[PDB]
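1. Once you've seen the sequence and the experimental structure below, I've got questions.
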2 protein chains.
Amino acid sequence: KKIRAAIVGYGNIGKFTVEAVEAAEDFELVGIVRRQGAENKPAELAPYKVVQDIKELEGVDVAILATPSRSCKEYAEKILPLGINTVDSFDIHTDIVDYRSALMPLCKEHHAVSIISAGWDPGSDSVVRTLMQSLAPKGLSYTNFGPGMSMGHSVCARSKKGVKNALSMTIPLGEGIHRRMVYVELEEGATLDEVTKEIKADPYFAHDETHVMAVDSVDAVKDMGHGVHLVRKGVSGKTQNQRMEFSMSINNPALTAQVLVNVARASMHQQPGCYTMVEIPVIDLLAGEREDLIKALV
Amino acid sequence: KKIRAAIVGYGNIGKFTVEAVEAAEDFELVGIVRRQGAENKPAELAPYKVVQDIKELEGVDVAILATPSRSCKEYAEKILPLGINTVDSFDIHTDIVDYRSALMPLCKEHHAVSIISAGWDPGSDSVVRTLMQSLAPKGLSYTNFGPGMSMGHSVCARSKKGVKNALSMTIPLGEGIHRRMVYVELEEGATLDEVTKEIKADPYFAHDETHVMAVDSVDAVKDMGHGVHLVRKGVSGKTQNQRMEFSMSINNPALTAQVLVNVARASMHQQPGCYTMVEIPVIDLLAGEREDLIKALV
Ligand SMILES: NC(=O)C1=CN([C@@H]2O[C@H](COP(=O)(O)OP(=O)(O)OC[C@H]3O[C@@H](n4cnc5c(N)ncnc54)[C@H](OP(=O)(O)O)[C@@H]3O)[C@@H](O)[C@H]2O)C=CC1
Ligand SMILES: NC(=O)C1=CN([C@@H]2O[C@H](COP(=O)(O)OP(=O)(O)OC[C@H]3O[C@@H](n4cnc5c(N)ncnc54)[C@H](OP(=O)(O)O)[C@@H]3O)[C@@H](O)[C@H]2O)C=CC1
């Protein structure tokens, strides 16, 4: 009747994934899996079992991996043999094919389902981008992120010398082109130019319009808001100039969470194997009877 | 290697469906099926066999039904026993559940696939609307058509007394609310008021802001341009005020055609049965190896 979900990692996503599972009337939250188990359990996790190994939790249908991207395959390969299903928001566009081909046979062998790269991008947007391609298979598509924070670029800026803290904003200038607004807390000694030169040198910044500013508090300029403008102009049949846009103004980690819950729900209805969200019927993402949902949405 | 498609009906969709099949390098056009066979074969159908019964055409994988909506079930029930697959743009939102559960067993018994209600709305938009619902399952969605021509309302206006010709434009006023701009050729004798009162009385117009104008030529004001603004404001997990928009500026029948070709291609990869487009992985709509497509779009 209800789906028994365990969350692996209580990072930013984890926090919102609890909120998203708490809100799904068709879900039970078995427990959260942390490196540090129950220790210093935060207030909002009061009413849930927290452990160090998923093996400690009982009758788990699906593991939502709120892990880093580097950590996803390792934890998946670990959690599948147990017969448990694994959704994740793995976000390294370039590796997605190999990570898929990896879990593929392991999923089948253990009669269980892995859905991978299931956030809003990749995930949600990957579906829209694919539908859009189909609507006019000749022409050009453009993915336009922000304004929003970039966990990757934010990190790749902290990493540089003179940089105590740093947040990199990602600003869309259209046609897949972007602007980087980096805000920094200077370590005692170093100057804005040293740091600026040091950032712009890195491949993550060297090919994009970058502006580096110094601020008292990075935390005082942070906000989990984010967006996207997906755009296609192209040809349906041989009829030119067909135009379509998809846009979001969303809370990034809040939405990534909700999609993970959705592909968790969706894994309970697939032939054992590994799946990107473009391989999943979008109706499986929702709660309810196919007939009732078709009546409402088609 | 290639998919052998027959088109049933050389109406406006039919015309564009040829153009769309001509453009799919993974398709072969076996023939067009008309009531009136080859008889006044139009120039652009020169190089294709045209017949009166699909039985005349040979080694057909999939029948694209470019028929009216009233006619779809009849032609499907006819073409399935022959072992052939049936895609259609059946567009009566209310009947879609019954039409599905009708073909369902018939498709299975004959180990073959029917995809139904596969235009841009329903079809394309049915997918986006469903994904959007998933992204924030609490709140409100709004489908906003036009500006574009309305075949249904256009017809329901010709039907009224004093109306020689009539075209009904559909104008979005947001939040699912619409305006009807009806343009009429008066049958010599009748007056604009009589006709106006006579239209607005009808359920198709009585609940919508309607403006009725009299014009010299209806054909002089026609255009197959059209669009939609799909809109959801709602809640991801328990995070409020998540916003997302999907919009098109397209040639209506041109796009309906291209989607039909897409669900024709998609039917070649499904367990026998009846499917709405929300039941089909969006990747199946495209030509190519899953790996190549995932590399590009996810
Ligand atoms: N598709 C999309 O658009 C989005 C996808 N993402 C995905 O989410 C990931 C992280 O999201 P977020 O929650 O904000 O990140 P955080 O860094 O805040 O959280 C990661 C958590 O994973 C757990 N963890 C498990 N194993 C390890 C390990 N070996 N090293 C470090 N931490 C580990 C930790 O929690 P604990 O110690 O309690 O176990 C940690 O808090 C990204 O790497 C990306 O894959 C990110 C944003 C949106
Ligand atoms: N999803 C969406 O928004 C859209 C949906 N549609 C769908 O497409 C349908 C038809 O559009 P379109 O092709 O422009 O319409 P037309 O009226 O221009 O074409 C209908 C064709 O159906 C064939 N036909 C076969 N049997 C019959 C019959 N008994 N009575 C009438 N026609 C018959 C005919 O082909 P021939 O004359 O050569 O024999 C005829 O030309 C709509 O009713 C709707 O279901 C339309 C466009 C957009």
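-> Thanks, I have the structure now. Numbers count the residues shown, from 1 in each chain, chains lettered A, B, ... in the order given. Ligands and ions are numbered 1, 2, ... in the order given.
2. for the stretch 1-150 of chain A, what spans make up the strands?
-> For the stretch 1-150 of chain A, the strands defined by DSSP state E, counting those that start in this stretch cover A:3-8, A:27-33, A:49-51, A:62-65, A:85-88, A:113-115, A:138-145, A:148-149.
3. Is the second one positioned near chain B?
-> No - contact between strand A:27-33 and chain B, assessed by CB under 8 Å from any CB of the partner chain, is absent, since the two come no nearer than 11.3 Å. (Each C-beta comes from the backbone N, C-alpha and C, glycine too.)
4. strand partners of that strand, parallel vs antiparallel please.
-> Its sheet considered, strand A:27-33 pairs with strand A:3-8 (parallel), strand A:49-51 (parallel) by DSSP bridges.
5. And that strand, what's buried?
-> The neighbour-count check on strand A:27-33 (16 or more other CB atoms under 10 Å in any protein chain shown) flags A:27, A:29, A:30, A:31, A:32, A:33 as buried.
6. picking up where we left off before, columns distance to ligand 1 on top of the strands paired with strand A:27-33, output as TSV?
-> Output for the strands paired with strand A:27-33, formatted as TSV (distance: least, CB to the nearest ligand atom, whole Å):
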stretch	distance to ligand 1
strand A:3-8	7
strand A:49-51	9
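7. Is it possible to get a markdown table of the strands of the stretch 1-150 of chain A that adds distance to residue B:157?
-> Putting the strands of the stretch 1-150 of chain A into a markdown table (distance: least, CB to CB, whole Å) gives the following:
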| stretch | distance to residue B:157 |
| --- | --- |
| strand A:3-8 | 50 |
| strand A:27-33 | 49 |
| strand A:49-51 | 64 |
| strand A:62-65 | 53 |
| strand A:85-88 | 51 |
| strand A:113-115 | 48 |
| strand A:138-145 | 36 |
| strand A:148-149 | 47 |
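8. I'd like to know which of these is closest to ligand 2.
-> Checking the strands of the stretch 1-150 of chain A against ligand 2 by CB to the nearest ligand atom gives strand A:138-145 as the closest, at 20.8 Å.
9. Tell me which residues are up against that closest one.
-> Contacts to strand A:138-145, defined as CB atoms under 8 Å, 6 or more residues apart in numbering or on different chains, come from residues A:121, A:125, A:129, A:132-133, A:170, A:172, A:174-176, A:178, A:226-235, A:242, B:23.
10. let's see 7 Å
-> A:125, A:129, A:132-133, A:170, A:172, A:174-176, A:178, A:228-235 (CB atoms under 7 Å, 6 or more residues apart in numbering or on different chains).
11. again, but for stretch A:146-165
-> Stretch A:146-165 is contacted from outside by A:166-172, A:180, A:182, A:184-187, A:190, A:194-195, A:198-199, A:202, A:204, A:218, A:222-227, A:252, using CB under 7 Å, 6+ apart.
12. Residue A:119 pairs with what?
-> Beta-bridge pairing for residue A:119 (DSSP bridges): residue A:123.
13. do the same with residue A:138
-> With beta bridges defined as DSSP bridges, residue A:138 has these partners: residue A:235.
14. Report how many residues lie close to it.
-> Neighbourhood size, residue A:138 [other CB atoms under 10 Å in any protein chain shown]: 12.
15. Contact partners for the residue in the stretch 151-298 of chain A that ligand 1 sits nearest to?
-> Closest approach between the stretch 151-298 of chain A and ligand 1, counting by CB to the nearest ligand atom: residue A:256, at 4.1 Å. Listed by CB under 7 Å, 6+ apart, the contact partners of residue A:256 are A:13, A:89, A:119, A:120.
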